[PDB]
Every structure is written in structure tokens, then in C-alpha cells.
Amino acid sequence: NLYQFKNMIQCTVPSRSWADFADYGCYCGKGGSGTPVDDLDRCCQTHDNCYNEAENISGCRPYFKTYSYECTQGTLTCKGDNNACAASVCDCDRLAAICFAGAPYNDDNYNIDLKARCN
């Protein structure tokens, strides 16, 4: 779940508060819709798509699903005791976090006008 996604971000990207990613580009945080403003927005776009596919698994809710993971000594791991849904979600978030750690950060792309550039 997001609390866990939060904690994931905090362990792969220490130097940056997770908030920095809760309202960025067209896909990070807010809804979505439109061409990703950049790579960091692309990471999120791919993260939004991942959730939508997961939503296909019945009774699977990307935001509230509590999965099993762990982050130690710079390693983010999705555990084996997860059902199909939790596993999927975990991996979505996991891929995203790792994606975040490798993408640049443009401050101009933080909290841009969604309505005029993407709703």
C-alpha cells in the first residue's frame, strides 16, 4: 500500500523527501492523462499503468493492499509470502522506487497546472 510505497521511496532515495514525488509532472501523484513531461514522470506513468493492470485481479486494490517486503542495506525485496495481487502491487511499487532513484529531478515539473497541461 501507499504507506509501504512511501517507505520504499524513503529507502532507495534517502536525500529526497517522498513528498517531492507526490505531485510531479502529469503522472506522479495526481491522476495522469497526457504525455509524461519527463523521465521521472515516465517512471510514474509506468507506475500508474502497473496499478491499472493489477486492478484486473479481482479483489485487488493497489492503494490499500498490504504486501510483504523489506528494505535493508540498500536492498528492496518483495517477499515470497505474497498472493498474486500483493506480489504484483509490491513489484509495481518496487520497480517505481528503483526508477525514481535513477531519474533526474526537475523542479519546474513539480506541481504543474494539471488542468491546462493534463487535468
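Each residue number is its position in the shown sequence, starting from 1.
- Comparing the deposited coordinates for 44-52 and 71-79, the stretch with the larger average C-alpha B-factor is 71-79.
- Higher average CA B factor: 25-33, of the stretches 25-33 and 53-61.
- Placement of the Cα temperature factor of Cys118 within the chain: highest third of the modelled residues, per the deposited record.
- For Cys11, the recorded CA temperature factor ranks within the highest third of the chain's modelled residues.
- Ranked by C-alpha B-factor against the other modelled residues of its chain, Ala101 falls in the middle third.
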